[PDB]
Amino acid sequence: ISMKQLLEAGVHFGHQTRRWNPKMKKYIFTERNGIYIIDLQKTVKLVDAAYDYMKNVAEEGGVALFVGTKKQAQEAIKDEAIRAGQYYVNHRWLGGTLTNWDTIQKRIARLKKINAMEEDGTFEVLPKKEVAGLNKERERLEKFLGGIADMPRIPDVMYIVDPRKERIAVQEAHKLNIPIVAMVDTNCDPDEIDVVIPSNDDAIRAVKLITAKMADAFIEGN
RNA sequence: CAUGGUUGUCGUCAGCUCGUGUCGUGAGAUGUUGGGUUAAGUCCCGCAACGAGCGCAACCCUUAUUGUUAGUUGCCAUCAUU
Ligand SMILES: [K+]
Ligand SMILES: [Mg+2]
Ligand SMILES: [Mg+2]
Ligand SMILES: [Mg+2]
Ligand SMILES: [Mg+2]
């Protein structure tokens, strides 16, 4: 990836000076107009490392979970994960999604079962009220679990956009010892993430850029 | 004031809990809280919670209109008689 690509995407922007994290000074270039500037040179080195790391994971057939509920990142992570054939969570991370994976499988089973009933034809013999409710049930399960409906096992790697926003997701990864590759901003904590990617969390183009690079790494590994 | 069974009572009030997960050294907590909404823990939304159970509601009886099958021991409009 190119430094010009990053600059055009606006990756270099950070959050306000006051809201930074001191641990991020390792990756900060300078502060302009009261906002910190990520060092895009370190960004290039680190994005290359993460691309290689994601490639290594894919070469083992490992499962990748693309997580982001930021308004900017939700749609982008969905598309890239689908394109890479890996699973995504873009709306809201349910507590216990992984640590309570056993319980979640029952909601996934509910979602699969309700889909079959429609195709099966049970919906035709349903007394209106029932079919209405069942549709509503599905709409929510798809809304929450839809992106990981078919995930076979706990992910081997978790990609996270704005871990500070995705607080619960980072915690579950730590509990299960799942390495994390995250778009880290000036206000985030790098110590939590195995693979640090210094990049603005608040730029749609930047989020899509980095997510596409990770998705492409996975595809290439496969 | 050894008990089973039966019953009163708060009160037909909307509550009482459990599984898994998570938080807390621990008793415990979370969910069951919050914004709305409802008669309702009723429902929606949000939420480290996701579900479930006993409740709530519904399924039940009766009452309020009516189609149809039946037409006596019931009914009498159409008819004639008492
Ligand atoms: K519990
Ligand atoms: Mg209570
Ligand atoms: Mg209830
Ligand atoms: Mg809630
Ligand atoms: Mg009842």
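Residues numbered from 1 in each chain as written, not as in the entry; some residues may be left out. Chains lettered and ligands numbered in written order. Part of a larger assembly, values for the part shown. Heavy atoms only, no water.

Method-wise, the PDB entry is recorded as coming from cryo-EM, at a reported resolution of 2.9 Å.

Would you take a moment to explain the packing of aromatic side chains for this structure?
Aromatic ring pairs: the centre-centre distance and the angle between the two ring planes describe each pair. In total, this model carries 2 aromatic pairs according to the counting rule given. Aromatic side chains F66 and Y159 sit 5.5 Å apart centroid to centroid with 50° between the ring planes, which places their arrangement in the tilted category. Taken as a pair, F66 in strand β4 (residues 64–67) and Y159 in strand β6 (residues 157–161) lie far apart in primary sequence, 93 residues in all. Note on accessibility: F66 and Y159 belong to one class, buried. Taking NZ or CZ as reference, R92 lies 5.8 Å from the ring centre of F144, over its face. (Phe/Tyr/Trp six-rings, centres within 6.5 Å; stacked < 30°, edge-to-face > 60°. Helix = DSSP H or I, 4+ residues; strand = E, 2+ residues; numbered from the N terminus. Buried < 20%, exposed > 50% of the residue type's maximum accessible area, 1.4 Å probe, protein only. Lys NZ or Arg CZ within 6 Å of the ring centre and 35° of its normal.)

Would you mind going over helix α6 (residues 167–176) with me for this structure?
For an α-helix the count is 3.6 residues per turn, leaving residues at separations of three or four pointing the same way. Among all positions of α6, only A169, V170, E172 and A173 are buried. The buried residues of α6 occupy one face: seen down the axis, they fall within an arc of 160°. Just past α6, the residue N177 takes up positive phi, approximately 60°. (Arc of directions from axis to C-beta.)

Where do I start with the protein's contact with RNA strand B in this structure?
Around RNA strand B, the neighbouring residues are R92, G95, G96, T99, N100, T103, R107, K143, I168, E172 and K175. Backbone atoms, meaning sugar and phosphate, make up 65% of the atoms of RNA strand B lying within 4 Å of the protein. Between RNA strand B and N100 there is a distance of 2.3 Å, counted from a sugar or linking oxygen to a side-chain nitrogen or oxygen. Within the side chain of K175, one N or O atom sits 3.0 Å away from a phosphate oxygen of RNA strand B. Secondary-structure elements contributing two or more residues to the surface near RNA strand B are α4 (101–120) and α6. Among the elements that line the surface near RNA strand B, the one with the most residues is α6, at 3 residues. In the surface near RNA strand B, the residues fall into 1 nonpolar, 5 polar and 5 charged. (Near = heavy atom within 4 Å. Polar contact = N/O pair within 3.5 Å; in protein donor to acceptor, adjacent residues only side chain to side chain. Nonpolar A, V, L, I, M, F, W, Y, C, P; charged D, E, K, R; others polar.)

Just checking my understanding: could you explain the environment of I168 for this structure?
Position of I168 among the secondary structure elements: in helix α6. The class of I168 is partly exposed, set by a relative accessible area of 43%. Residues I168 and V47 lie 121 residues apart in sequence; the distance between their C-alpha atoms is 24 Å.

I tried to follow the side chain of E166 on my own but got confused; where do I start?
Along the chain, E166 turns up in the loop between β6 and α6. At 5.5 Å, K165 is the nearest oppositely charged side chain to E166, a buried residue that forms no salt bridge. (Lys, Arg positive; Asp, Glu negative; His and termini not counted. Salt bridge = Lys/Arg side-chain N within 4 Å of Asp/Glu carboxyl O.)

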